[PDB]
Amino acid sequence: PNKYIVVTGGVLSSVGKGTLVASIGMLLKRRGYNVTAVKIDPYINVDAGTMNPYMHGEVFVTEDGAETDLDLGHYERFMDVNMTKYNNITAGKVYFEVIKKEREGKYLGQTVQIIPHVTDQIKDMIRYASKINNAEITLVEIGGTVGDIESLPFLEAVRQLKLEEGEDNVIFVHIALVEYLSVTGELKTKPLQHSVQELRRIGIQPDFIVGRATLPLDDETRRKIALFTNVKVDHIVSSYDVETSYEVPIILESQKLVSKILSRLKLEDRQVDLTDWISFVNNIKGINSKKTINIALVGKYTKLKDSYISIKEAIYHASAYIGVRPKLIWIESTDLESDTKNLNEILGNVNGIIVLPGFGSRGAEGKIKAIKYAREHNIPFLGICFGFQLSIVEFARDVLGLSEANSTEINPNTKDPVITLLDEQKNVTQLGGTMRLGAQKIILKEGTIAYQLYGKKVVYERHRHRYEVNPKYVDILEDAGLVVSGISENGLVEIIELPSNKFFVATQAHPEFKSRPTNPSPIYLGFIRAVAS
């Protein structure tokens, strides 16, 4: 029926797990062939919407409002597709489903076990992601270390998928970190011979191999591992360090890995033109760069590579599109928390400022000062989510003059709950508000920066927030010069702006999730143009 490429290994992000699947996806898509990607996470969390972006990375949001693993973000950007809740499978969800069906007697008195009941849920979920996304081919990216307990049910599941569907429709691509000894030049097989066995032990035979390394693999090395892994030298392929993830697809066709792949399934097609992707890439490397802009980004977890991967990638798409070289100045919001130590030299240099999503109160003054600074010194500024909310707070305590304005999230007790939880229609409540998630509608006001940026009245961005602008405060804020240029169908404020400034925009939503290399977020476009002057 369908085809299936199963990928394992990774075990890290330095290894390129997600991008390789995304790359492979993109190359198939250009060949007429319909494709979809699916990521499996063998952890117990039902989904990613309670997970700390620290230690774990950004939480991606699909158009349908699922909170997922960032890997779907790689998929969306590379294959230019909309993901769904079904493209991210977690042990958490599977276990929940099986337990619920048992409790409902849907198993008719059987004793429900891993095999086959759990393994069957996995296959139903894989196969379902195939049919609802209309795919002839389906990548299944399997997280974790092969041979870890958590991985077994998913490995066994795909081993079975191979007995059922046949070798002419199910293949495995494994990703191994080659790394020559610290002081010898000879490679450490130990992890690598440790893997191939665990796969055989679980009953899986790799067809293609991707060795991850700084530098391509010599002729020798590749013939060596070819042995341990029992794979044909013809089918081992290289993943070497590279200046941008977007190159990955191009190094893969220079090796034709997807050609080898397609045959191995018994399909046929060719003549892919990347010229359009190729130029996008060269624009990413700074080639024919018209300038260099510094953007300060202010939040926490800033040392984590993937904590804000989508904002970062959206900055790249906007820049690359208008030919400009982004330089990112990450600033921990605490390093700003000093009525002492001044900052008109820390951000005197940057040509634009962004206050990051993500809440609590860890560094909310640092973030608020950075905003005050952007607004007062007319530095182009973009507010996202918690950032947008601190704009309301900053504007109210400084321009409006409410010294006590705050979010109830930070101080549930403030005299002026300028940001707060709301109920479906009343609207103020310390209940538990209404969490907005996914693609939602935003009605732009004509004449504003927002309307211009989008070039139309009605648009959509993905949401992931619960704290809203208090409606009681809206009007006196407008009177103080703040403009609501965006509201929800039911009147919640979506986009604020200050026309008095060259570029001052904030938004509850996350437009970065929609950014594509060939289709940058419009919000991020306006910001990056303003920034670049």
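Numbers follow the displayed sequence, beginning with 1.
Comparing 66-74 with 53-61, the higher mean C-alpha B-factor in the PDB entry belongs to 53-61. Of the two stretches examined, 310-318 and 346-354, the record assigns the greater average C-alpha temperature factor to 346-354. If you compare the C-alpha temperature factors of 405, 450, 187, 370 in the entry, 187 comes out highest. Per the deposited coordinates, the residue with the largest Cα temperature factor out of 85, 303, 123, 463 is 303. Residue-level temperature factors show residue 270 in the highest third of its chain, judged at the C-alpha atom. Among all modelled residues in this chain, the alpha-carbon of residue 223 has a temperature factor (C-alpha) in the highest third. Compared with the other modelled residues of the chain, the Cα B-factor recorded for residue 36 ranks in the middle third.
When all modelled residues of the chain are sorted by CA temperature factor, residue 106 is found within the lowest third. Ranked within its chain, residue 194 lands in the highest third, by CA B factor from the PDB record.
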